[PDB]
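The same protein chain appears twice below, in two forms, each given on its own as structure tokens and labelled structure 1 and structure 2.
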Structure 1
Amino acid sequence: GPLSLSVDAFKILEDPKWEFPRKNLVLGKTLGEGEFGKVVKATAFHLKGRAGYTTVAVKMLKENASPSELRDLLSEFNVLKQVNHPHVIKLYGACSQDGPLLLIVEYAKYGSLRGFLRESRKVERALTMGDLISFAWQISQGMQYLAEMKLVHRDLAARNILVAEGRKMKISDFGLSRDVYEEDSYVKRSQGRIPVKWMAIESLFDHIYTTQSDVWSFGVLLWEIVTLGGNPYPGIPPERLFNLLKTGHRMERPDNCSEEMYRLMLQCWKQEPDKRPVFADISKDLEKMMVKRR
């Protein structure tokens, strides 16, 4: 089938640019477990030209992986080989030869944006609205880049953004990302694996994913940022989202949120995907709020 073809092709592809000697990689503590796989802290000796050890993160399959999970890891590898942006997690290499598939990626010392925000508060860690706006802007910059590359991320959420040295955002978790060069849309007959509460109305009902459904997810992400890692649609069961969204309901303006910021969220969640802003516009709106605050 499609996966068996991918695995065979992968196992023969002589890939000197990305292949890394397993013996030069030492794995450490678990940093997290996504639904497709797990990430562990690691160190790699003589990685891509750097003398000595470099601390990295390593993505691998969980125990008892399914074909779905294996497909997603292979896909993430294939996507990450083609992307290069300061706000997208960087790929360093892979170990594929004499053991389980390991992807070697950039380590982000602060962990997920969600965890970073929830440990904070607005003025443990002290964040200003300026900082919050900055975070969103960096993510929007990254997304503009991916959208230009005709990639749809599909799984944008604070748990999928990492925070690197200098509080720099890194979009991560490309296992569900898909190329839309030919049709500008990705459509799947089967039920998706993205959490319901982050999905655009047309993804939930019609299984259509585009850059403008990424924009909807960004609006949920914006809400998570503004609420310092709140839970979307709190107390509302996911099965209720079909009716709630189709009848035009959206999350209300949260506390410590300007009318301008809330307006941007609502715009991300317009029923009609064509009425939603593009990432370029999102970046311009955020930069504007940043300078108006000074």
Structure 2
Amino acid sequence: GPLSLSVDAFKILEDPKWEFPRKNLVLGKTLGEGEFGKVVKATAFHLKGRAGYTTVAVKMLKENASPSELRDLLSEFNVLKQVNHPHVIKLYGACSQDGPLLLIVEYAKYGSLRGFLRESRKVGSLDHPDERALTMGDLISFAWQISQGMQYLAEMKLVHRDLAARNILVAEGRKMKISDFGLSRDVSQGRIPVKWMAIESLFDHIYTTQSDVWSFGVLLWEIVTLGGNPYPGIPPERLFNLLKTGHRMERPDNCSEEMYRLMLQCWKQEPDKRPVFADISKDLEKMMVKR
């Protein structure tokens, strides 16, 4: 079947560029864990012709993994090979010759954007009750970096499908990296959380760059609320009809008119009425120079 073919292709030595010798990989602490998959920190010796040990993250399956897990991981590997951008997580390679399949990716010292934000406070060698302080300028900065990454992906004819604050990684110098390409595809029951999905994805199962834009609007909302939970107290099952009848999230606190207007436009019912990612970057670039 399609998976046994990919598995077998993967387990052969066909891509010497991406194969990393297993003996050169030393696995450390767990960075995150779900039921069937795990991410650990690691050091990699002589990775990609680099001197000494490079700090990396390793993605791997757990023992109760289903074929849909195996598929997601292999599919991410195949997408990340074709991709190169400062705001997209970097793939270093894979170990396919010695035990479990391991994906080796760039290590993001702050972890997920969602985590980063909830540990922060909004403002206008000591110590504080919060990890850091963030201005609207930082938040606009974060959104712009993601929109750049997304513009690159849309130009590459790739639909991410799972855009959300938990899938953006925060690297050294607070650089945003789009991550989790398990569900991406080159442009039936979906595995994207309902609350981030575009109306046409929910009703017609259609996924395009414009449905990525809708998801981007939910992420913006997540950013300006510093890690809020979208549609709080509304059951995911109730959301279809609220959206169909034209309900949207209200303007959050500490959110400006111009910022909220951009969110709303991302959530237009007709995908043609939504901004493209270039328009989005433009809006953020303008906000920035204008303080």
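Residue numbering: sequential along structure 1, first residue numbered 1. Take the two forms, superpose them, and find the largest set of C-alpha atoms that agree within 1.5 Å; that set is the rigid core.
- Only one candidate in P254, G34, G229, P232 has its Cα displaced by 2 Å or more between structure 1 and structure 2 after core superposition: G34.
- Look at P273: with the core superposed, its C-alpha moves 0.3 Å between structure 1 and structure 2.
- Superposing the rigid core and comparing between structure 1 and structure 2 gives a CA shift of 1.7 Å at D98.
- Taking the core as the reference frame, the CA atom of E63 shifts 2.7 angstrom between structure 1 and structure 2.
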